[PDB]
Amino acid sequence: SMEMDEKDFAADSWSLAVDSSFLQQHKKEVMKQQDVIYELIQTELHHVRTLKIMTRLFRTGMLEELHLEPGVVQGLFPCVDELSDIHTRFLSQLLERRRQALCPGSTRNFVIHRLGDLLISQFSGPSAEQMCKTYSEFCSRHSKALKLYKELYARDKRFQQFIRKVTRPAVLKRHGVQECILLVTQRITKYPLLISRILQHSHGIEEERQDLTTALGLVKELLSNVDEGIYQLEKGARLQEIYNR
């Protein structure tokens, strides 16, 4: 992540991020709604950071330092460039909505009143079709990526040294290769939980309540389509094992 965004989302909540004199100008219901929107953006910033560790630290480091067989790096990090493009674009829209809402003279005081429309746009049309295609592919290749990682770490000395080197810093404690893969697979199922809680505190404006209700339905439709489109790929699986599913 870049320092400007890390600092903007360093606080544990929106109520601790804004100036206390600005917080005191709002009703409790607005504070509750803003705290959950802040958690959605903060966790999205961390999710894009997980994807950058996978593309920049691991994938590109293996290509530039190691002598792996062709197709091995793609097997460890399936769809990571596509996932990075989807979420970096979504994060850009969330951060621009926050930036437009800032009070003049402030880099921290804002209220986002219109998130629903942004979520309907993200979870409909071509961006939803790309999310469905990419997660159906990624999640079907998840078990294979973990098995490939374990085989390389146990048998290739230079690979083991590389992993131990780049994951030694304390800031990588939660972000080993296998941890990154499961953080990405679990991201999509966090959205309904966050959206439902924002919706609970968005009844003040009926158009906003309706828009978040529509967004929640679109997110659940996407998840149901991805879940129905998954079948774990296995290296060396025979056709007979596949058609006898």
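Basically, rigid core = biggest C-alpha set you can superpose within 1.5 Å across the two forms. Residue positions are given as counts along the sequence shown, with the first one as 1.
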For a rigid core alignment of each structure in 9 other deposited structures of this protein onto the shown form, which stretch has the higher root mean square Cα deviation: 120-128 or 68-76?
68-76
Per the entry, higher mean C-alpha B factor between 18-26 and 220-228
18-26
Tell me which stretch has the larger mean Cα B-factor in this entry, 152-160 or 92-100.
152-160
Maximum C-alpha temperature factor per the entry, among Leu40, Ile188, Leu68, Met54, belongs to which one?
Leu68
I'd like to know which of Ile181, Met62, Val48, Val36 has the highest C-alpha temperature factor in the PDB entry.
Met62
Would you mind checking where the Cα B-factor of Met4 ranks among the modelled residues of its chain, as the lowest, middle or highest third?
lowest
For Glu44, the third of its chain into which the C-alpha B factor falls
lowest
Lowest, middle or highest third: where is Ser106 by C-alpha B factor in its chain?
lowest
Ranking the modelled residues of this chain by C-alpha B-factor as given in the entry, is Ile112 in the lowest, middle or highest third?
lowest
Can you tell me whether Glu129 has a C-alpha B-factor in the lowest, middle or highest third compared with the other modelled residues of the same chain?
highest
